[PDB]
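**Student:** Next up, entry.pdb (PDB, C-alpha atoms).
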```pdb
ATOM      1  CA  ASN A  59       0.000   0.000   0.000
ATOM      2  CA  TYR A  60       1.300   3.430  -1.025
ATOM      3  CA  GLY A  61      -1.332   5.363   0.926
ATOM      4  CA  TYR A  62      -3.909   7.848  -0.266
ATOM      5  CA  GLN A  63      -3.245   9.329  -3.711
ATOM      6  CA  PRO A  64      -5.262  12.289  -5.053
ATOM      7  CA  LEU A  65      -6.971  11.707  -8.389
ATOM      8  CA  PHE A  66      -7.138  15.141 -10.048
ATOM      9  CA  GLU A  67      -4.273  16.889  -8.240
ATOM     10  CA  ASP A  68      -1.028  17.404 -10.140
ATOM     11  CA  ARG A  69       1.680  14.867  -9.308
ATOM     12  CA  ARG A  70       3.951  16.604  -6.790
ATOM     13  CA  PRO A  71       6.666  15.305  -4.458
ATOM     14  CA  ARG A  72       5.192  14.993  -0.984
ATOM     15  CA  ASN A  73       7.386  12.637   1.053
ATOM     16  CA  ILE A  74      11.028  11.670   1.485
ATOM     17  CA  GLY A  75      12.271   9.755  -1.547
ATOM     18  CA  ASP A  76       9.975  11.423  -4.080
ATOM     19  CA  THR A  77      11.529  12.719  -7.294
ATOM     20  CA  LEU A  78      11.309  16.166  -8.883
ATOM     21  CA  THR A  79      12.636  17.600 -12.143
ATOM     22  CA  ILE A  80      14.776  20.747 -11.898
ATOM     23  CA  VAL A  81      15.267  22.735 -15.101
ATOM     24  CA  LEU A  82      18.594  24.479 -14.539
ATOM     25  CA  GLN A  83      18.318  27.858 -16.285
ATOM     26  CA  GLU A  84      20.660  30.455 -14.777
ATOM     27  CA  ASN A  85      21.569  33.747 -16.470
ATOM     28  CA  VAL A  86      23.304  36.306 -14.233
ATOM     29  CA  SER A  87      25.211  39.346 -15.507
ATOM     30  CA  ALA A  88      26.487  42.317 -13.494
ATOM     31  CA  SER A  89      28.714  45.190 -14.579
ATOM     32  CA  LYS A  90      30.063  48.479 -13.262
ATOM     33  CA  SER A  91      32.374  51.181 -14.584
ATOM     34  CA  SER A  92      33.495  54.666 -13.610
ATOM     35  CA  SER A  93      36.026  57.335 -14.524
ATOM     36  CA  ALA A  94      37.222  60.784 -13.490
ATOM     37  CA  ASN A  95      39.429  63.437 -15.055
ATOM     38  CA  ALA A  96      40.752  66.920 -14.389
ATOM     39  CA  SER A  97      42.795  69.304 -16.504
ATOM     40  CA  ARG A  98      44.326  72.754 -16.115
ATOM     41  CA  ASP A  99      46.315  74.781 -18.652
ATOM     42  CA  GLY A 100      47.686  78.262 -18.063
ATOM     43  CA  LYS A 101      49.810  80.537 -20.247
ATOM     44  CA  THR A 102      50.837  84.116 -19.496
ATOM     45  CA  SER A 103      53.173  86.570 -21.190
ATOM     46  CA  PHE A 104      54.131  90.236 -21.315
ATOM     47  CA  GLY A 105      56.658  91.904 -23.585
ATOM     48  CA  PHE A 106      57.798  95.474 -24.253
ATOM     49  CA  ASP A 107      59.230  95.412 -27.774
ATOM     50  CA  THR A 108      59.800  99.184 -27.979
ATOM     51  CA  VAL A 109      60.036 101.167 -24.736
ATOM     52  CA  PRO A 110      59.603 104.965 -24.848
ATOM     53  CA  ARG A 111      62.245 107.026 -23.094
ATOM     54  CA  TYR A 112      60.066 108.173 -20.184
ATOM     55  CA  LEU A 113      59.262 104.499 -19.480
ATOM     56  CA  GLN A 114      62.831 103.196 -19.885
ATOM     57  CA  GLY A 115      63.676 103.175 -16.179
ATOM     58  CA  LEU A 116      60.552 101.111 -15.507
TER      59      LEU A 116
ATOM     60  CA  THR B 175      34.353  -3.416 -27.579
ATOM     61  CA  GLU B 176      32.180  -0.547 -26.342
ATOM     62  CA  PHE B 177      30.029  -0.575 -23.206
ATOM     63  CA  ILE B 178      27.056   1.690 -22.488
ATOM     64  CA  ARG B 179      25.873   1.346 -18.886
ATOM     65  CA  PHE B 180      22.903   3.067 -17.267
ATOM     66  CA  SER B 181      21.571   3.118 -13.717
ATOM     67  CA  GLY B 182      18.997   5.151 -11.855
ATOM     68  CA  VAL B 183      15.581   5.512 -10.248
ATOM     69  CA  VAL B 184      12.429   5.961 -12.346
ATOM     70  CA  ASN B 185       9.028   7.300 -11.308
ATOM     71  CA  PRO B 186       6.324   5.029 -12.799
ATOM     72  CA  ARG B 187       4.111   7.961 -13.835
ATOM     73  CA  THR B 188       6.879   9.476 -15.992
ATOM     74  CA  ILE B 189       6.932   6.419 -18.284
ATOM     75  CA  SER B 190       5.168   7.038 -21.592
ATOM     76  CA  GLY B 191       2.578   4.865 -23.317
ATOM     77  CA  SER B 192       5.269   3.160 -25.408
ATOM     78  CA  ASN B 193       7.210   2.064 -22.287
ATOM     79  CA  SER B 194       9.768   4.845 -22.670
ATOM     80  CA  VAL B 195      11.151   7.542 -20.383
ATOM     81  CA  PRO B 196      13.712  10.256 -21.222
ATOM     82  CA  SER B 197      16.979  10.091 -19.298
ATOM     83  CA  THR B 198      16.334  13.535 -17.766
ATOM     84  CA  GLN B 199      13.487  12.124 -15.634
ATOM     85  CA  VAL B 200      15.701   9.579 -13.818
ATOM     86  CA  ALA B 201      16.699  10.665 -10.319
ATOM     87  CA  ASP B 202      20.141   9.150  -9.667
ATOM     88  CA  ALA B 203      21.175   8.782 -13.288
ATOM     89  CA  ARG B 204      24.563   7.102 -13.778
ATOM     90  CA  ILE B 205      25.534   7.055 -17.470
ATOM     91  CA  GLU B 206      28.744   5.455 -18.736
ATOM     92  CA  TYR B 207      30.076   5.066 -22.283
ATOM     93  CA  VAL B 208      33.519   3.444 -22.459
ATOM     94  CA  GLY B 209      35.524   1.104 -24.674
ATOM     95  CA  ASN B 210      38.606  -1.085 -24.912
ATOM     96  CA  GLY B 211      41.047  -2.198 -27.593
ATOM     97  CA  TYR B 212      43.939  -0.233 -29.030
ATOM     98  CA  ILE B 213      41.489   2.506 -30.042
ATOM     99  CA  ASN B 214      40.812   3.171 -26.357
ATOM    100  CA  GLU B 215      44.503   2.924 -25.412
ATOM    101  CA  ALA B 216      45.321   5.492 -28.109
ATOM    102  CA  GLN B 217      43.166   7.979 -26.150
ATOM    103  CA  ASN B 218      45.127   7.597 -22.895
ATOM    104  CA  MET B 219      47.950   9.962 -22.008
ATOM    105  CA  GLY B 220      51.406   8.505 -21.612
ATOM    106  CA  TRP B 221      52.489   8.028 -18.020
ATOM    107  CA  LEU B 222      55.318  10.559 -18.343
ATOM    108  CA  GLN B 223      52.994  13.132 -19.921
ATOM    109  CA  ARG B 224      50.417  12.616 -17.158
ATOM    110  CA  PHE B 225      53.164  12.970 -14.540
ATOM    111  CA  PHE B 226      54.253  16.243 -16.145
ATOM    112  CA  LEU B 227      50.673  17.524 -16.491
ATOM    113  CA  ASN B 228      50.198  16.950 -12.758
ATOM    114  CA  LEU B 229      53.618  18.003 -11.406
ATOM    115  CA  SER B 230      55.128  20.496 -13.863
ATOM    116  CA  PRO B 231      55.533  24.063 -12.543
ATOM    117  CA  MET B 232      53.595  25.410 -15.541
TER     118      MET B 232
END
```
Please go through the file and, once you have read it, give me the structure as structure tokens.

**Tutor:**
Amino acid sequence: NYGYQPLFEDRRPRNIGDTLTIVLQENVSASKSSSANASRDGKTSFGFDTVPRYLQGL
Amino acid sequence: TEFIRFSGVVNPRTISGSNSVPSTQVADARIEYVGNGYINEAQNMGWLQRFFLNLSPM
């Protein structure tokens, strides 16, 4: 005797020793990315090509 | 000579009307497919090559 068995219920595992089908379908995907930047450019100039007389000493 | 061995546990309700069940419905499925003769010995690594594959630094 295997005990009471439901008639219309779907066949499910209920006790120790019962079998069950596992459909292994795994799809995992993780990603991450980052960046940082900094820039600085500086140019400066001053030139006196021709200096008038009253400015010579300066 | 080739040997195909199968072992496992089958649920009676998974067996089809033609007395057939796919191998993916067997709980503890043990499947083996081996052979002998010089064809099978030609697919074995040499002892020195196995020793190197297991003990070589790279």

**Student:** Can you turn the ChimeraX specification (/A :<9) & /B into a concrete residue list for this file, as a list in words?

**Tutor:**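 Residues picked by the ChimeraX specification (/A :<9) & /B: residues 183, 184, 185, 187, 198, 199, 200 and 201 of chain B.
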
**Student:** Any idea what's packed within 12 Å of residue A:116, counting only C-alpha atoms, ignoring anything in its chain fewer than 6 positions away? Could you give it as a list in words?

**Tutor:**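 These residues fall inside the cut-off: residues 106, 109 and 110 of chain A.
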
**Student:** The selected residues should be written to file as a PDB file, in the coordinates of the input (atoms: C-alpha atoms).

**Tutor:**
```pdb
ATOM      1  CA  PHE A 106      57.798  95.474 -24.253  1.00  0.00           C
ATOM      2  CA  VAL A 109      60.036 101.167 -24.736  1.00  0.00           C
ATOM      3  CA  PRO A 110      59.603 104.965 -24.848  1.00  0.00           C
TER       4      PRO A 110
END
```

**Student:** Enclose all atoms of stretch 98-108 of chain A listed in the file in an axis-aligned box, grow every side by 4 Å, and hand back centre and edge lengths in Å to one decimal, as JSON.

**Tutor:**
```
{"center_x": 52.1, "center_y": 86.0, "center_z": -22.0, "size_x": 23.5, "size_y": 34.4, "size_z": 19.9}
```

**Student:** If we count only C-alpha atoms, what is near residue B:210 at a cut-off of 10 Å, once residues fewer than 6 positions away on the same chain are taken out, given as a PyMOL selection string?

**Tutor:** chain B and resi 175-177+216

**Student:** Just C-alpha atoms for this one: save the residues we selected as a short mmCIF file (atom, residue, chain, number, x, y, z; two decimals), keeping the file's coordinate frame.

**Tutor:**
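The resulting out-v5.cif:
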```cif
data_model
loop_
_atom_site.label_atom_id
_atom_site.label_comp_id
_atom_site.auth_asym_id
_atom_site.auth_seq_id
_atom_site.Cartn_x
_atom_site.Cartn_y
_atom_site.Cartn_z
CA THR B 175 34.35 -3.42 -27.58
CA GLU B 176 32.18 -0.55 -26.34
CA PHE B 177 30.03 -0.57 -23.21
CA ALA B 216 45.32 5.49 -28.11
#
```

**Student:** Name every residue that the PyMOL selection byres ((chain B and resi 208) around 12) selects in this structure, writing the answer as a list in words with chains first and numbers rising.

**Tutor:**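 The output of the PyMOL selection byres ((chain B and resi 208) around 12) on this file is residues 175, 176, 177, 178, 179, 180, 205, 206, 207, 209, 210, 211, 213, 214, 215 and 217 of chain B.
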
**Student:** Keeping only C-alpha atoms, write the selected residues as a compact mmCIF listing (two decimals), in the coordinates of the input.

**Tutor:**
```txt
# COMPACT_ATOMS: atom_id res chain seq x y z
CA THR B 175 34.35 -3.42 -27.58
CA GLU B 176 32.18 -0.55 -26.34
CA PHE B 177 30.03 -0.57 -23.21
CA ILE B 178 27.06 1.69 -22.49
CA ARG B 179 25.87 1.35 -18.89
CA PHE B 180 22.90 3.07 -17.27
CA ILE B 205 25.53 7.06 -17.47
CA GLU B 206 28.74 5.46 -18.74
CA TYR B 207 30.08 5.07 -22.28
CA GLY B 209 35.52 1.10 -24.67
CA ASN B 210 38.61 -1.08 -24.91
CA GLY B 211 41.05 -2.20 -27.59
CA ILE B 213 41.49 2.51 -30.04
CA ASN B 214 40.81 3.17 -26.36
CA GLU B 215 44.50 2.92 -25.41
CA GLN B 217 43.17 7.98 -26.15
```

**Student:** Rounded to one decimal in Å, what is the spacing between atom CA of residue B:197 and atom CA of residue B:181?

**Tutor:** 10.0 Å
